[PDB]
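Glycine gets a Cβ as well: all are built from the backbone with ideal geometry, and neighbour counts include every protein chain shown. Here, each number is a calculation from the coordinates, and none is a lab measurement.
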There are 2 protein chains.
Amino acid sequence: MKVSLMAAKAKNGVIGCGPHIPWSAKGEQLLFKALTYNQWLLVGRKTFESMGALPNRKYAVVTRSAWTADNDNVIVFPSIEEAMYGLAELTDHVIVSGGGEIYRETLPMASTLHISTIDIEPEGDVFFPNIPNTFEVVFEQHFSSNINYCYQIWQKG
Amino acid sequence: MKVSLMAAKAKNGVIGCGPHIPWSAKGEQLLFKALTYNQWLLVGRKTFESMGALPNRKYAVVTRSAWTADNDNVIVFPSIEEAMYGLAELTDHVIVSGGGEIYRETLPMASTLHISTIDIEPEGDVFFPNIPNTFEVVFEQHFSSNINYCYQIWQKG
Ligand SMILES: NC(=O)c1ccc[n+]([C@@H]2O[C@H](COP(=O)([O-])OP(=O)(O)OC[C@H]3O[C@@H](n4cnc5c(N)ncnc54)[C@H](OP(=O)(O)O)[C@@H]3O)[C@@H](O)[C@H]2O)c1
Ligand SMILES: NC(=O)c1ccc[n+]([C@@H]2O[C@H](COP(=O)([O-])OP(=O)(O)OC[C@H]3O[C@@H](n4cnc5c(N)ncnc54)[C@H](OP(=O)(O)O)[C@@H]3O)[C@@H](O)[C@H]2O)c1
Ligand SMILES: CCc1nc(N)nc(N)c1C#C[C@H](C)c1cc2c(c(-c3ccc(CN)cc3)c1)OCO2
Ligand SMILES: CCc1nc(N)nc(N)c1C#C[C@H](C)c1cc2c(c(-c3ccc(CN)cc3)c1)OCO2
């Protein structure tokens, strides 16, 4: 089973400020919706609680507590290793969709990254990890919008 | 100016049947939406007449006749060459978006290809061109839907 990572980050590395994403770039959301359509997503419990089970996707959520979802479209796992083994029975592909913590824990597992860089330098306390040079860009496209953004796809080795 | 080309084709290469696209693969048009957002498209007259001028895009349309368009986001050119020369004064990137005729005439000038292959083999009368082997796949993702589809990004070597 292949692991992809999909994230949006500001030019200063910020991805979150408290429970919010500190920007609104018109259009960027389309990339995320289009590439995750009917895909399995892996997300942290805090991020899942912020966005909820939006339609046409399937969710694997990790928690260290007894937290549960209430939605037959979500599977809660006690660990990332357990989520990976569980998903592997059900799918060939999972897309890691965030939490700052989830990103840092799963970047080493990812063979493909989908990275939107937003032309803004906001304040926030949550940051995307440095992209290791075990990955390289194979595709890139710029978008002009109310806030501009650049979309890149990175592949491993 | 960069030239990309974006197309959805069935597994038998059909892209059209009269003025229609002969399938409904739920989800696939999101890829088209996301990648064309605030982009310039090059379309043929026949294709443009079918879809119409959806928002957040600019259109270059080519025709050999007296056909014109009201919409203020559309520029009509008499030839592919004039459209390319004209677009280059206006944009850094254009996305050829079809017509079988337009695809054949412009594939040689594209640096990047976005191809969705739809899991169907319908009857039709318009076909996508042979992809030269100067292009290679650098990304691929499978989608399950009512009709499955596979998204591939090709780059020219
Ligand atoms: N691309 C983006 O710009 C993007 C995307 C999504 C989110 N965000 C932002 O990121 C911020 C939230 O990130 P965050 O790091 O605070 O939270 P998070 O990663 O969404 O969730 C962290 C939680 O997930 C659970 N968890 C993490 N690793 C686990 C493991 N190995 N095993 C079991 N459970 C595990 C824990 O749940 P418990 O607390 O239940 O134990 C932990 O508290 C928000 O600001 C949000 O807006 C940005
Ligand atoms: N990716 C996809 O699956 C996709 C995308 C788009 C369209 N389609 C399908 O493709 C079919 C349409 O393709 P098509 O080949 O019949 O038509 P088309 O390529 O969309 O348009 C052909 C017309 O474009 C103009 N044209 C072409 N080359 C020109 C040139 N060198 N100089 C000036 N004008 C030029 C001419 O317009 P005039 O007749 O006005 O002179 C010509 O009749 C439809 O069925 C549509 O559903 C599929
Ligand atoms: C485009 C973002 C985006 N772009 C890219 N490149 N990669 C990504 N990983 C994400 C993302 C994301 C998160 C999971 C997300 C995705 C969403 C969300 C919301 C949302 C969260 C909280 C609230 C509460 N106020 C409302 C909505 C959150 O709503 C539509 O989809
Ligand atoms: C999107 C498919 C698609 N996917 C990919 N990868 N590449 C493409 N080049 C196209 C295409 C196309 C054509 C030009 C097209 C042809 C049409 C269309 C529409 C259309 C109709 C309704 C809506 C809803 N807003 C959006 C688009 C789009 O209406 C009938 O004729």
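Summary of computed values
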quantity	calculated
Estimated dipole of chain B in Debye, rounded to 20 [Cβ of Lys and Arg +1, of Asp and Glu -1, Cα centre]	160
GluC sites (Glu not before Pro) restricted to DSSP loop in region B:68-157 with at most 14 other C-beta within 10 Å	B:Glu123
Dipole magnitude of region A:32-72, debye to nearest 20 (Cβ charges: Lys/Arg +1, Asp/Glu -1, about Cα centre)	160
A:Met6, A:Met84 arranged by Cβ crowding within 10 Å, fewest neighbours leading	A:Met84, A:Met6
Calculated FRET value between B:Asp125 and A:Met1, using beta carbons and R₀ = 51 Å, to 0.05	0.80
Cβ-derived FRET efficiency at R0 45 Å, A:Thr134 paired with B:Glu101, nearest 0.05	0.55
Region A:152-157 - phi-based ³J(HN,Hα) in whole Hz, Karplus 6.51/-1.76/1.60, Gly and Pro as x	10, 10, 10, 10, 8, x
Candidates A:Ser116, A:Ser24, A:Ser97, ranked by Gaussian network fluctuation over chain A, Cα under 10 Å, top entry	A:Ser24
Rounded if a/c under 1.5, otherwise prolate or oblate - region B:1-81, Cα gyration tensor axes	prolate
Options B:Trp40, B:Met84, B:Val138, ranked by Cα towards positive dipole end of chain B, top entry (Cβ charges)	B:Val138
Proportion of all alpha-carbon pairs of the protein assembly as shown beyond 23 Å (%)	60
Span from the region A:1-80 Cα centroid across to the region B:14-54 one, whole angstrom	29
Karplus-derived HN-Hα couplings along region B:64-72 (A = 6.51, B = -1.76, C = 1.60, θ = phi - 60°), whole Hz, x at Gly and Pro	8, 10, 8, 3, 9, 9, 5, 4, 7
Rel. contact order, % - alpha carbon contacts under 8 angstrom, at least six apart, chain B	35
Principal axis dimensions, largest first and in whole angstrom, of chain A by Cα	40, 34, 26
With Cα atoms, 0 to 90° folded angle of helix B:80-90 axis to chain B main axis	80
Bridge type composition, chain A - antiparallel percent by DSSP, nearest 5	45
Shielding of A:30-39 by partner chains, average beta-carbon count, 10 Å	6
Exposure proxy order (Cβ contacts within 10 Å, fewest to most) of B:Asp72, B:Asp125	B:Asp72, B:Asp125
Estimated inter-spin distance, B:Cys150 and B:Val76, nm [label 7 Å along Cα→Cβ]	4.1
3J(HN,Hα) from dihedral phi, region B:93-110, Karplus parametrisation 6.51/-1.76/1.60, rounded to Hz, x for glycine, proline	7, 9, 10, 5, 10, x, x, x, 4, 5, 4, 4, 6, 10, 2, x, 9, 7
Nonlocal amide H pairs with A:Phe139, under 5 Å, H built at 1.01 Å	A:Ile153
Interchain or long-range residues, amide H under 5 Å from B:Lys58's placed H	B:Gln39, B:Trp40, B:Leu41
